[PDB]
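J.: Starting off with a structure, shown below.
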Amino acid sequence: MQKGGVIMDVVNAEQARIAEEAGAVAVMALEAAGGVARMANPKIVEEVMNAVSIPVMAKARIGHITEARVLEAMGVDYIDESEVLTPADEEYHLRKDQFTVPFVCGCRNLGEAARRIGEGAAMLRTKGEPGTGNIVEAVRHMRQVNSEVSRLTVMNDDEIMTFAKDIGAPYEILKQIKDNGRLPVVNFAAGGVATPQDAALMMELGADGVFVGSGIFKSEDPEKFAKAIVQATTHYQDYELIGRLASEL
Amino acid sequence: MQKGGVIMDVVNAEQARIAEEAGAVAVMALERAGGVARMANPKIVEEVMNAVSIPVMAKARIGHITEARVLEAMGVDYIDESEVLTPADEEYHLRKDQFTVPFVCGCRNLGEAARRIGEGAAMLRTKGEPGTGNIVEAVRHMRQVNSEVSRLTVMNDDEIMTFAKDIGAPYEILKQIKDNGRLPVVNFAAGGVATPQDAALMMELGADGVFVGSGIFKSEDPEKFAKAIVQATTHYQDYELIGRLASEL
Amino acid sequence: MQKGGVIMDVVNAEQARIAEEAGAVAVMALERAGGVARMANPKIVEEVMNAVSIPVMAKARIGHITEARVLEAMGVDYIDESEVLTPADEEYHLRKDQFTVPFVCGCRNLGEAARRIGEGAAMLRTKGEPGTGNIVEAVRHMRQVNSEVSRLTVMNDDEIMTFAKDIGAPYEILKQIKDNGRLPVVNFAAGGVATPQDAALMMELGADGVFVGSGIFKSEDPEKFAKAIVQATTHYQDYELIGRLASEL
Amino acid sequence: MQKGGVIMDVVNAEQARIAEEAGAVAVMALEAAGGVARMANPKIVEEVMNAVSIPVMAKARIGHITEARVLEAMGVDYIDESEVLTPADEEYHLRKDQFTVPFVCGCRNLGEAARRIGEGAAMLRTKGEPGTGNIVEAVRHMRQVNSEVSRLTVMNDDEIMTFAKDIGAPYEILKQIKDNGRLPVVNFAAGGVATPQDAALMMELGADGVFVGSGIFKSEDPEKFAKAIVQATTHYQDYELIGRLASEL
Amino acid sequence: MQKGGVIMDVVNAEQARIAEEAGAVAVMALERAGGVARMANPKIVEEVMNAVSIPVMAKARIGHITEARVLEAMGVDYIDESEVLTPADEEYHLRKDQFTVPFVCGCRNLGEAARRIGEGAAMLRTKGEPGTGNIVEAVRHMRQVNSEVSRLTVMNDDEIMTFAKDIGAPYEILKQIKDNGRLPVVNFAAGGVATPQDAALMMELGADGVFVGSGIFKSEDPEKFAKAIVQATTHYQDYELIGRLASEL
Ligand SMILES: [Cl-]
Ligand SMILES: [Cl-]
């Protein structure tokens, strides 16, 4: 879809323009801790869409059918059934396959990833620890999903079903993963990316892109931090450029 | 009995008038950690009744026979044996069949629903989490009741009795539910409805109506907010109209 | 329905004739650690029916619809869904209301009694400890049912529902028991009756009749023993006659 | 496949001929308690196949690839990955989809049934308690599978995935069951069928046929018992004929 | 090192000759609740060596340095530090790298396999359940080792050390296994092989050979049975030939 890029969380049109100028592959509209966290007001989403030409994403509460249907009616590119917001259903997720708009979901293991894909998700990402600035949770989630997938690619067929039963995964999804040799969708790194070295590390661990952001607007030079993150996600093994960019922050 | 409507909590005559002008099917008279919560003063109920022509409802403490009989003598349309008030009897509910006025009660599963119906309740609603603005508990209760009813409609006869024994439901009530194919009374959504998307979501889950709290008057434009809630409860699948209405809140 | 009588377990035509001559109100056809206990062969039931003019009863495994339907097609008077046989369904009993022949079931408390009645049982009896000769369990079950019924007859209405919820009884059945002032069906004593004093004691506790096992034919004079059991079940307070009859055993 | 019939376990050519004369839809070749229970000698299977024209089945140890491949090379119609035999793999079942011969497996719940179907089973049956003559286990397994399937046919889509996760079932199998309205394969009753009334009961509970046998050869008139079981499996609601046939055993 | 062969347990010269005539790649000298199991008498080992030209193996107690050194001085080809004998050291195994003769050891997982290899073992085999005739434990051990090796071959480098730390394996041994892509020594199947189908199944699971116990001589035709075992271990996918050979046993 949009592999190799950086996704930023914007709060107005100015931050969206700064993101487009920095080289972000997509934007995420959002309005922070306390109370109930619901979807953003449609005016903010419409402003974010009118501000940039890059695809704009919006978050919806888990299991909230109406929020996702409203974001779909608005013409949003992708919808993020985000656990960042206060969930709406603590038992059942959205049946994203019944939707026209593609969906991105969070996961921490191959079981969660397979359950989200079977529910109709088009894109995946790590849950991480959003708002903490700590990359350890995203690292753990990425490494767990990748190790389980590597096991599944070289697992004996006779042992696949049991494996699913042990991790709560749909059998057909695991068979598809084994036949294709990798995840059928892209898996991004989200929650915890604070420095461009964090984005480079997540891309070195085998991520298909960086999803976290929001904090880039808090720096003394927000545009500089955004450009540094975007340039560190791409060509993540050029350490000299990474150090040079980090020196100017 | 008047399914598909919106019921609002009012505290004075002005709120009752505003709710009537918004298009609410009925009103609920209320007074206000909060100490002991009892029934409202009869003067406030009389004011609410004289303010609007729509049916007026009043809350009574659980198991408080005298409060309910007084509200019946006052001429209220429906009485809510509401757990939101400090209960008066923590072991037995009132014998609603021995009353002349209809009753609405809260429930979280088919067992509680059947226990309330067997006692003579004329209406049901989810308990939810009142005052929290989170529709999680209402969603959970509605889904649980709907799932147990779906079980009961297509269940073998030999397995009905034990089912009642396992859920504390009256046997004849469960047999009637199986024979009719649905609940004998309407089931509304209550506690947690914060946005028009929440009302549309509760109606999408199969509710027969929504109960709005006092937060509807907390908006900058309470009249517009109440109108949006009403217009979203009706035609709950028109997601474009829901998004348009929410853009103005 | 024929209250105050004695029911005897017979295995052939001679035993049925001897029980008829003793004055038993009905007979029970039987075949025999004992492996699996199923219904008796239809030939033995037909022999028992052709041997005596009194009503003949046959036992069926719990939840075994086919055994009960076969016994109904054979023309049996009553069917005993007896736990003394190896049960066929350990979760659900047969829907006795959907049958044409009346049923007698075992019970140890008002909850089991009400569950059996709600399923359509026409008669009740204590489970006891069959084959032990000890009337302890029959006494216990009879006293428990009588105590719970005495509670229910003089209990407040508001406390009925919870009571059902606490004992697994159908609400309408408990309401009917409260309104009528007694059990809707007769309750017999079964399992443990060894001496005529045991039958007189079960009748003193408020039973509507006694079920005699196979030990009645184990005496040196089986006819005299059966006659003593019958003469003690009737006029159970004539202690001098009971002692006289027991002196000859 | 072969719905409505009775399957018998034969040990030689004479019992297979008696089964074919009785009206069995298929035969099961077998050679009993103690030690290790493996597949039968190929000579016995070849004799059973040469004795009758009805399809012949053979049992293989669970997870034993070579035993099933040998039975497939022999030209056996169906293979029974039977838990009756001492298992060969206590973790992983055979991938029956990779086979040409159709497979029949045992199950006790919708989870096991879905795991067996996803593994490539063409036919199902209850595990029961083989060799005990007690129908209670088959009754429990049949009722559990049927109740879970009835739930699944009327379950909300948004709740399906979670349901699978709760029972360890493949998501696609459950979706297929919901879309078709029933199990995609036939579900037979096995283990415990001792009397023709047991077969009639299993068919009244919603089974697609009777699978248990073996014991029919132990009666005084084995041919008579076999004919009675075959006639009771078909037209299971003719209770008069069932009683007549049972009277002659 | 001589992969794909069959190793047989012999007790005299006649058994060694019969095993050689059957086509076994090597022989195992043995003597016999059974008290204490020690190494065999040197006279029996010398007899077995003089009887056949194939390589002869002898078992030694675990950690018994002197037994192994004596067997080395006797001129044995391979030594089996077999747990089937009563161990002499329950804490430490012998330093096989300090010996001149090659060693074969038992294992149940990659941890035990790596611990044995690091100590200098030249060959591996499953522990199984010797004397039971049940291939369950051999299947389990083989599948566990194969699964852990499949994990290790496609595992990230950063995750290797911890993996060793979590399984008690030497780090350099695991690195060598990852670099070579397979085990550094052959892994045989042992303990539980009862039928030629069992040998074919162990070879299908990826074993490098089978260890036959003493039951091969318990058949009515021991020579035919041993020939069938050998002919099934080789070309283990020719299921028609396996069935034909088994038909004669
Ligand atoms: Cl917070
Ligand atoms: Cl045994």
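Residues in the structure tokens are numbered from 1 in each chain, the chains being A, B, ... in the order shown, and ligands are numbered from 1 in the order shown.
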DSSP says alpha helix (DSSP H) for which residues of stretch 90-238 of chain E? Put them as a PyMOL selection string?
T.: chain E and resi 110-118+136-153+160-167+171-180+196-204+222-233
J.: Please write out the residues within 10 Å of ligand 2 as number ranges by chain, counting only C-alpha atoms and all ligand atoms.
T.: D: 32-36
J.: For the residues selected in the previous step, produce a file with C-alpha atoms as a tab-separated table (two decimals), in the first residue's frame.
T.:
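Saved to result35.tsv:
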chain	number	residue	atom	x	y	z
D	32	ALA	CA	-11.10	-55.93	23.51
D	33	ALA	CA	-9.06	-53.98	26.06
D	34	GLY	CA	-5.39	-54.01	27.02
D	35	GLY	CA	-1.99	-53.10	25.62
D	36	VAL	CA	-1.60	-51.02	22.47
J.: Using only C-alpha atoms, what table do you get, as a tab-separated table, when you list each residue of chain B with an atom no more than 8 Å from chain D, its nearest pair of atoms, and their distance in Å rounded to one decimal, rows by chain then rising number?
T.:
residue	atom	partner	partner_atom	distance
B:147	CA	D:155	CA	6.9
B:150	CA	D:154	CA	5.9
B:151	CA	D:151	CA	5.3
B:154	CA	D:150	CA	6.1
B:155	CA	D:147	CA	6.8
B:156	CA	D:147	CA	7.7
J.: Which residues come within 7 Å of stretch 108-116 of chain C, counting only C-alpha atoms, excluding same-chain residues fewer than 2 positions away, as a PyMOL selection string?
T.: chain C and resi 105+118-121+126-127+141+144-145+148+167-170+173
J.: Fewer than 2 positions away in the same chain doesn't count, so skip those; otherwise give me all residues within 8 Å of residue B:139, counting only C-alpha atoms, as number ranges by chain.
T.: A: 88-89; B: 128, 135-137, 141-143, 202, 205
J.: Of the candidates A:7, A:86, A:235, A:50, which one gets nearest to ligand 1 if we count only C-alpha atoms and all ligand atoms?
T.: A:86
J.: Would you mind listing, as an MDAnalysis selection string, all residues of chain D that have at least one atom within 12 Å of chain A, where only C-alpha atoms are what counts?
T.: chainID D and resid 62:65 89:98 111:112 114:120 156:175
J.: Using only C-alpha atoms, please write the residues we just selected to a file, as a PDB file, in the first residue's frame.
T.:
ATOM      1  CA  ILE D  62      -4.641 -40.604  15.434  1.00  0.00           C
ATOM      2  CA  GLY D  63      -1.720 -38.865  13.753  1.00  0.00           C
ATOM      3  CA  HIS D  64      -0.460 -42.111  12.183  1.00  0.00           C
ATOM      4  CA  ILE D  65       0.310 -41.032   8.622  1.00  0.00           C
ATOM      5  CA  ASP D  89       0.294 -38.480  18.050  1.00  0.00           C
ATOM      6  CA  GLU D  90      -1.045 -36.807  21.194  1.00  0.00           C
ATOM      7  CA  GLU D  91      -0.583 -33.307  19.723  1.00  0.00           C
ATOM      8  CA  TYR D  92      -1.388 -33.260  15.995  1.00  0.00           C
ATOM      9  CA  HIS D  93      -4.070 -34.933  13.896  1.00  0.00           C
ATOM     10  CA  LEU D  94      -3.759 -36.153  10.319  1.00  0.00           C
ATOM     11  CA  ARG D  95      -4.058 -33.613   7.504  1.00  0.00           C
ATOM     12  CA  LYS D  96      -6.936 -35.481   5.894  1.00  0.00           C
ATOM     13  CA  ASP D  97      -7.276 -32.911   3.092  1.00  0.00           C
ATOM     14  CA  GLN D  98      -3.989 -34.175   1.606  1.00  0.00           C
ATOM     15  CA  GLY D 111     -14.756 -26.747  18.536  1.00  0.00           C
ATOM     16  CA  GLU D 112     -13.523 -30.295  17.946  1.00  0.00           C
ATOM     17  CA  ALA D 114     -14.587 -27.498  13.366  1.00  0.00           C
ATOM     18  CA  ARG D 115     -10.964 -28.472  14.005  1.00  0.00           C
ATOM     19  CA  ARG D 116     -11.574 -31.855  12.371  1.00  0.00           C
ATOM     20  CA  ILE D 117     -13.401 -30.341   9.388  1.00  0.00           C
ATOM     21  CA  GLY D 118     -10.632 -27.782   8.903  1.00  0.00           C
ATOM     22  CA  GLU D 119      -8.128 -30.644   8.960  1.00  0.00           C
ATOM     23  CA  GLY D 120     -10.004 -32.229   6.049  1.00  0.00           C
ATOM     24  CA  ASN D 156     -24.479 -11.921  15.046  1.00  0.00           C
ATOM     25  CA  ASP D 157     -21.627 -11.690  12.544  1.00  0.00           C
ATOM     26  CA  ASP D 158     -19.642  -9.218  14.673  1.00  0.00           C
ATOM     27  CA  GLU D 159     -19.487 -11.905  17.390  1.00  0.00           C
ATOM     28  CA  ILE D 160     -18.378 -14.872  15.261  1.00  0.00           C
ATOM     29  CA  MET D 161     -14.589 -14.423  15.404  1.00  0.00           C
ATOM     30  CA  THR D 162     -14.525 -14.083  19.199  1.00  0.00           C
ATOM     31  CA  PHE D 163     -16.708 -17.200  19.396  1.00  0.00           C
ATOM     32  CA  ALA D 164     -14.111 -19.140  17.405  1.00  0.00           C
ATOM     33  CA  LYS D 165     -11.372 -17.831  19.704  1.00  0.00           C
ATOM     34  CA  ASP D 166     -13.408 -19.039  22.681  1.00  0.00           C
ATOM     35  CA  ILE D 167     -13.784 -22.574  21.273  1.00  0.00           C
ATOM     36  CA  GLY D 168     -10.592 -22.926  19.223  1.00  0.00           C
ATOM     37  CA  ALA D 169     -12.435 -23.228  15.905  1.00  0.00           C
ATOM     38  CA  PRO D 170     -11.293 -22.045  12.468  1.00  0.00           C
ATOM     39  CA  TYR D 171     -13.059 -18.794  11.621  1.00  0.00           C
ATOM     40  CA  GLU D 172     -13.857 -19.786   8.028  1.00  0.00           C
ATOM     41  CA  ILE D 173     -15.428 -23.082   9.124  1.00  0.00           C
ATOM     42  CA  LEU D 174     -17.779 -21.260  11.499  1.00  0.00           C
ATOM     43  CA  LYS D 175     -18.661 -18.734   8.790  1.00  0.00           C
TER      44      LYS D 175
END
J.: What are the residues of chain B that have an atom within 6 Å of an atom of chain C, counting only C-alpha atoms, as a PyMOL selection string?
T.: chain B and resi 92+95+158-159+165+168+170-171
J.: Would you kindly return, as a list in words, each protein, DNA or RNA residue with an atom no farther than 8 Å from any atom of stretch 82-87 of chain E, considering only C-alpha atoms and excluding same-chain residues fewer than 6 positions away?
T.: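 The filter keeps residues 36, 37, 38, 39, 59, 60, 61, 62, 63, 64, 105, 106, 127 and 130 of chain E.
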J.: If you count only C-alpha atoms, which residues fall within 9 Å of residue D:106, apart from same-chain ones fewer than 3 positions away, as a ChimeraX atom specification?
T.: /D:80-83,112-113,116,123-128,190
J.: With C-alpha atoms retained, write the just-selected residues as a tab-separated table (two decimals), in the first residue's frame.
T.:
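See part.tsv below for the written result:
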chain	number	residue	atom	x	y	z
D	80	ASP	CA	-11.71	-43.62	10.69
D	81	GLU	CA	-9.01	-41.69	12.58
D	82	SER	CA	-10.38	-43.35	15.69
D	83	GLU	CA	-9.57	-42.48	19.28
D	112	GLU	CA	-13.52	-30.29	17.95
D	113	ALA	CA	-15.88	-30.69	14.99
D	116	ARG	CA	-11.57	-31.85	12.37
D	123	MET	CA	-17.68	-37.11	8.10
D	124	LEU	CA	-18.15	-36.73	11.85
D	125	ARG	CA	-19.37	-38.81	14.78
D	126	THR	CA	-19.63	-38.66	18.55
D	127	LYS	CA	-16.79	-40.11	20.59
D	128	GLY	CA	-19.13	-41.60	23.20
D	190	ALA	CA	-21.20	-43.65	17.91
J.: Tell me, which residues of stretch 108-181 of chain D carry DSSP strand (DSSP E), written as JSON, numbers by chain?
T.: {"D": [123, 124, 125, 126]}
J.: Just to be explicit: take each residue in the selection above, keep C-alpha atoms, and write the result as a PDB file, in the first residue's frame.
T.:
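This is the output file again.pdb:
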ATOM      1  CA  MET D 123     -17.682 -37.112   8.099  1.00  0.00           C
ATOM      2  CA  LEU D 124     -18.155 -36.731  11.848  1.00  0.00           C
ATOM      3  CA  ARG D 125     -19.375 -38.811  14.775  1.00  0.00           C
ATOM      4  CA  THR D 126     -19.635 -38.662  18.546  1.00  0.00           C
TER       5      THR D 126
END
J.: Would you mind listing what lies within 9 Å of residue E:241 as a count of residues only, with only C-alpha atoms counted and same-chain residues fewer than 5 positions away left out?
T.: 4
